[PDB]
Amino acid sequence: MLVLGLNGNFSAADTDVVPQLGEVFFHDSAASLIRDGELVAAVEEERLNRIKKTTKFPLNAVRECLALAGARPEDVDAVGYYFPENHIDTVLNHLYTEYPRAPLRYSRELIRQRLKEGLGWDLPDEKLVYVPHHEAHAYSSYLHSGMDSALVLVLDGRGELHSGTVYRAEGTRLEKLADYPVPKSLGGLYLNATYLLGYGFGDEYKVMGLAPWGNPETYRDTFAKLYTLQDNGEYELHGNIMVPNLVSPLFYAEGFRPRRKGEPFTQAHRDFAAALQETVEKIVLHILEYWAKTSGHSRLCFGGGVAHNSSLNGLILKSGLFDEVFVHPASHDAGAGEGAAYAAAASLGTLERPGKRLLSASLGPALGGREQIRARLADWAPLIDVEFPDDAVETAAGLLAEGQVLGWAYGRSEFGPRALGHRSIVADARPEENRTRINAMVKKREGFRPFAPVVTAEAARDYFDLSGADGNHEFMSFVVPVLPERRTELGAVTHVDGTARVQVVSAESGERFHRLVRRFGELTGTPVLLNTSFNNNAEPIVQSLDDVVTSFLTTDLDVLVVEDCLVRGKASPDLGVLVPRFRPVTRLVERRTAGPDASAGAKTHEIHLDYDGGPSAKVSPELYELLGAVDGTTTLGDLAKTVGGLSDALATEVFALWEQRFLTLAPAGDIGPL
């Protein structure tokens, strides 16, 4: 039994199903492969097309999952999709009425067209199974919990008809106990409030990271007008007929002005986040306190996108409601695509389930074999020096104790948004300056942002207060208090409220990462490391070896440890050996506007990425002429000859387009099949 789980929209690589398709229309595209009830491969398409939270069809992710399982398309028994057929088709139909040129191609045709053109796979209609959205979520959260009975809560933005569902799980059987309608969505509320702080979709864990810095008293009574806790676990949210945002009209009325991009976060902003975070905690625990005593379950699985609110999770944990809580590492819509596979298996036959709680998220493609990795790093020789230590883990621990900030790339990439020892950036967790520098120089992000610690399983309770229910901490699902007497020791990973979004690494969850953290503690007295995700501000988590090296050279990391190799940047790196290649979304424009006296304005030159929310950048006339000559095989040095050679000015300008990922710069060739 081999079943493919699918989620996302149906856009090709270079175009969208309608032009400029909005970024929220079936996002977080991914493919999951389960076989005999075990989850053998999972990767979000964002890692492969390099578009964060992409909507495009997860074609590459399917191909990558088939390869990791050693399977051909013909070997797959069923395909699940994380929404009912009528719902996705009605939304497609709506997009079509707004874009009268788009052909009427609905989801069944589009899935079968993508799989046939992109993999040579004629999917039979009988094998494609559509699935209720929260049923998919619930399966994913619950079957990977290691529990035989539980209460499953699914809260997200919305499914086909509900914003929240409560399930009873026993064995492999789900039983609905409750749902909440779409206009009560807590993910809708949280996204709605997020737009008031200059953020947009995807930024909601920044708002959650800002809330501890604020006082939830200021706007407590303002938010109180937007919801009412009712009896027997019910609640109402209170809408308006002004704008499609639940939060802005009332806060506008009260003098609150939405933050602009590039403006500092004022104390009024910090208090807003705090009040928002408190509201959602109040409602969810209201729901949970009720359904805990009503259904009788002492164990909770929490899924849906809202279950990535680690702060909420840490408060469910510290409440007394449950003895055991489980959260999947992908609880957002990519997790729901995995669930669709389990739900498809159950509709055609019986449902095989995992036999242990999921401990590792390391489920994507790997970097390659020892020899193709060494061969590909040779192709980067004009930019990097490489060492091969006897014990890279031992060497990396020493470098970490010397104050070096490392990139750490090993094995298969992490499914879900957190890095857990396979595509990580790590540093000493003790100096509070490391939070300031890694925020401002490395990840190039907002100073208020916290940093998550990884601690060994054996020293966890020496540092963090895990009391209350037993939660799973392998995937950074829970915010926990740092023990008061350790807060100054762990200055980089302790937040303003004394909490941390902790990962507890064990030999069974990540053997090599546990080795790194244990050996660091033997050298320093502190088996705790700072562990942020290995990506700059312009990209999702790095996937391939070329991704890892590109990101290392274009961020300000000290050393890269990739599959036992020690990589450092060359003194004077030679950008001219690198082969420029357009991304399928890369676009070059020469534009003239109206000018003074109804004239043609002066020319400008822009590179941009052709998707909703995609960035853009001005380029010189010289580089505009250079990038126009890109053929995918000629190096940047030989291309630059047609504008008179690769001057230092041009290489710097290219280096900045590279850092914003406007196009691919990598040595000739590629690593080859893994």
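One-based numbering along the sequence shown. Between two forms, the rigid core is defined as the largest C-alpha subset superposing within 1.5 Å.
Superposition on the core shows that, in 6 other deposited structures of this protein, the C-alpha atoms drift more in one of 443 to 451 and 163 to 171; this is 443 to 451. Between stretches 225 to 233 and 433 to 441, the one whose Cα atoms sit farther from the displayed model in 6 other deposited structures of this protein on average is 433 to 441 (core-aligned, root mean square). As listed in the deposited structure, the average C-alpha B-factor of 200 to 208 and of 431 to 439 is greater for 431 to 439. When the mean C-alpha temperature factors of 136 to 144 and 264 to 272 are read from the deposited coordinates, 264 to 272 comes out higher. Of the candidates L348, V504, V562, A378, it is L348 whose Cα B-factor is highest according to the PDB record. Comparing the C-alpha B-factors of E338, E74, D547, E474 in the entry, the top value falls on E74. In this PDB entry, the Cα temperature factor of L59 sits in the bottom third of its chain's modelled residues, the lowest group. In the deposited entry, the Cα temperature factor of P673 sits in the top third of values across the chain's modelled residues.
Among all modelled residues in its chain, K53 ranks in the lowest third by Cα B-factor. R105: CA B factor lies in the highest third for its chain, per the PDB record. Sort the chain's modelled residues by C-alpha temperature factor and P615 lands in the lowest third, per the entry.
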